[PDB]
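Below is the file work30.csv, which contains CSV, C-alpha atoms.
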```csv
chain,number,residue,atom,x,y,z
Y,867,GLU,CA,138.1,64.7,97.9
Y,868,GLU,CA,136.9,66.3,94.7
Y,869,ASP,CA,133.5,64.7,95.3
Y,870,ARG,CA,133.6,66.4,98.7
Y,871,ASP,CA,134.2,69.7,96.9
Y,872,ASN,CA,131.3,69.0,94.7
Y,873,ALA,CA,129.2,68.5,97.8
Y,874,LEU,CA,130.6,71.7,99.2
Y,875,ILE,CA,129.2,73.5,96.3
Y,876,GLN,CA,125.9,72.1,97.4
Y,877,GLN,CA,126.5,72.4,101.0
Y,878,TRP,CA,127.2,76.1,100.6
Y,879,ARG,CA,124.2,76.8,98.6
Y,880,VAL,CA,122.2,75.2,101.3
Y,881,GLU,CA,123.9,76.9,104.2
Y,882,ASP,CA,123.6,80.2,102.5
Y,883,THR,CA,120.0,79.6,101.8
Y,884,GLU,CA,119.6,78.8,105.5
Y,885,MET,CA,121.2,82.1,106.6
Y,886,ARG,CA,119.2,84.0,104.2
Y,887,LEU,CA,116.0,82.4,105.1
Y,888,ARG,CA,116.6,82.8,108.7
Y,889,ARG,CA,116.7,86.5,107.9
Y,890,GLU,CA,113.7,86.3,105.5
Y,891,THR,CA,111.5,84.8,108.3
Y,892,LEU,CA,112.8,87.6,110.6
Y,893,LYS,CA,111.8,90.1,107.9
Y,894,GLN,CA,108.3,89.2,107.9
Y,895,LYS,CA,108.1,89.4,111.7
Y,896,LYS,CA,109.8,92.8,111.7
Y,897,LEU,CA,107.8,94.1,108.8
Y,898,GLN,CA,104.4,93.5,110.2
Y,899,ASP,CA,105.6,95.6,113.1
Y,900,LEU,CA,107.2,98.0,110.7
Y,901,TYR,CA,103.8,98.8,109.5
Y,902,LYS,CA,101.6,98.6,112.4
Y,903,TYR,CA,103.6,101.3,114.0
Y,904,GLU,CA,103.2,103.4,110.9
Y,905,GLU,CA,99.5,102.8,111.0
Y,906,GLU,CA,99.5,104.0,114.5
Y,907,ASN,CA,100.8,107.5,113.5
Y,908,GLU,CA,97.9,108.0,111.1
Y,909,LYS,CA,95.5,106.6,113.7
Y,910,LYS,CA,96.5,109.4,116.0
Y,911,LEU,CA,96.9,112.2,113.5
Y,912,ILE,CA,93.4,111.7,112.4
Y,913,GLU,CA,92.2,111.3,115.9
Y,914,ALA,CA,93.7,114.6,116.8
Y,915,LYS,CA,92.1,116.2,113.8
Y,916,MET,CA,88.7,114.7,114.4
Y,917,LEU,CA,88.8,115.4,118.1
Y,918,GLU,CA,89.6,119.0,117.7
Y,919,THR,CA,87.0,119.1,115.0
Y,920,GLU,CA,84.5,117.4,117.1
Y,921,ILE,CA,85.1,119.7,119.9
Y,922,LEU,CA,84.8,122.9,118.0
Y,923,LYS,CA,81.8,121.5,116.3
Y,924,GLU,CA,80.4,120.5,119.7
Y,925,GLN,CA,80.7,124.0,121.0
Y,926,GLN,CA,78.5,125.3,118.3
Y,927,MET,CA,75.8,123.6,120.4
Y,928,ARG,CA,76.6,125.8,123.2
Y,929,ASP,CA,75.8,128.8,121.0
Y,930,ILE,CA,72.6,127.1,119.9
Y,931,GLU,CA,71.9,126.4,123.5
Y,932,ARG,CA,72.4,130.1,124.2
Y,933,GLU,CA,69.6,130.8,121.7
Y,934,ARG,CA,67.4,128.1,123.2
Y,935,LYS,CA,68.0,129.4,126.7
Y,936,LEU,CA,67.1,132.9,125.6
Y,937,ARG,CA,63.6,131.9,124.7
```

Using structure tokens, write down the structure from this file.
Amino acid sequence: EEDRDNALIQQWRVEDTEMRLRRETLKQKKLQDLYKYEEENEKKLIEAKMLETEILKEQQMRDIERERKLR
């Protein structure tokens, strides 16, 4: 029975490693998503900035067009 106990020391390390690694695999899955979603917030913050920029920059054309139309 002591020899079983010695194995249990082993068996435990192994079972614990299994539980832990089940979680470690799950980490990596979760973590790629717990990143792409963060990336998404910057994607849109900059898009909003660049869009409003682009728009107000675009309307400077309309003022240029007013001058061109005048002549």

Enclose region 870-888 of chain Y, meaning all of its atoms listed in the file, in a box aligned along x, y and z, pad it by 8 Å on each side, and list the centre and edge lengths in Å to one decimal, as lines of an AutoDock Vina configuration file.
```
center_x = 125.1
center_y = 75.2
center_z = 101.7
size_x = 34.2
size_y = 33.6
size_z = 30.0
```

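A straight line drawn from CA of residue 912 (chain Y) to CA of residue 898 (chain Y) is 21.4 Å long.
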
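CA of residue 897 (chain Y) lies 24.0 Å from CA of residue 881 (chain Y).
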